[PDB]
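Student: Experimental coordinates follow, after the sequence.
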Amino acid sequence: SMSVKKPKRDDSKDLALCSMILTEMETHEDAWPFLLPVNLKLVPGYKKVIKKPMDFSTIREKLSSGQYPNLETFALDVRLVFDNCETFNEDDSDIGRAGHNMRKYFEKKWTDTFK
């Protein structure tokens, strides 16, 4: 509350550390469905159904330009990419499997870097 704060957790390396995680997600062999925005002209239904499209290149640009206020808003966008994927793709598809795999890969790196 006013003049009552928990001890100050050091957040000075968060930017650099999120950048490293995102590099690792970008270079994963199963990243290919997620590297670029879904083409809303060429994929029927996507625009209407997925209210908030997100992809790795859009996260990279937001990160590099100071549009994440803290590490939690970064994680929310990464999770949005996988939540979108699950909304549009059957589990038993190459893309649906890719999204599950990448979500796991991310959540481990997230815990090991910060928790």
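Tutor: Everything's here; your move. Residues are numbered from 1 along each chain as shown.

Student: hey, where'd the helices end up in this protein?
Tutor: Secondary structure of the chain (DSSP state H): helices at 14-27, 46-49, 56-64, 71-88, 94-114.

Student: how about the fourth one as PDB, C-alpha atoms only?
Tutor: Coordinates of the C-alpha atoms in helix 71-88 are reproduced here as PDB (Å, rounded to 0.1, in the frame of the first residue of the first chain):
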ATOM      1  CA  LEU A  71       7.800  -9.600 -18.400                       C
ATOM      2  CA  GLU A  72       4.100 -10.700 -17.800                       C
ATOM      3  CA  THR A  73       2.800  -8.800 -20.700                       C
ATOM      4  CA  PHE A  74       5.500 -10.600 -22.800                       C
ATOM      5  CA  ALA A  75       4.300 -14.100 -21.600                       C
ATOM      6  CA  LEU A  76       0.700 -13.200 -22.300                       C
ATOM      7  CA  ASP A  77       1.500 -12.500 -26.100                       C
ATOM      8  CA  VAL A  78       3.600 -15.700 -26.400                       C
ATOM      9  CA  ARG A  79       0.600 -17.700 -24.800                       C
ATOM     10  CA  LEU A  80      -1.800 -15.900 -27.200                       C
ATOM     11  CA  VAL A  81       0.100 -17.400 -30.200                       C
ATOM     12  CA  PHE A  82      -0.600 -20.900 -28.800                       C
ATOM     13  CA  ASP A  83      -4.100 -20.200 -27.700                       C
ATOM     14  CA  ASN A  84      -4.900 -18.900 -31.200                       C
ATOM     15  CA  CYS A  85      -3.300 -22.000 -32.700                       C
ATOM     16  CA  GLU A  86      -5.500 -24.300 -30.600                       C
ATOM     17  CA  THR A  87      -8.600 -22.300 -31.500                       C
ATOM     18  CA  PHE A  88      -8.100 -22.800 -35.300                       C
END
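
Student: Buried residues, it. List them.
Tutor: 71, 74, 75, 77, 78, 80, 81, 82, 83, 84, 85, 88 (16 or more other CB atoms under 10 Å). All C-beta atoms are positioned from the backbone trio N, CA, C, and that covers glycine.

Student: I figured residue 74 hits residue 67, correct?
Tutor: No - if you go by CB atoms under 8 Å, residue 74 and residue 67 don't touch, sitting 9.8 Å apart.
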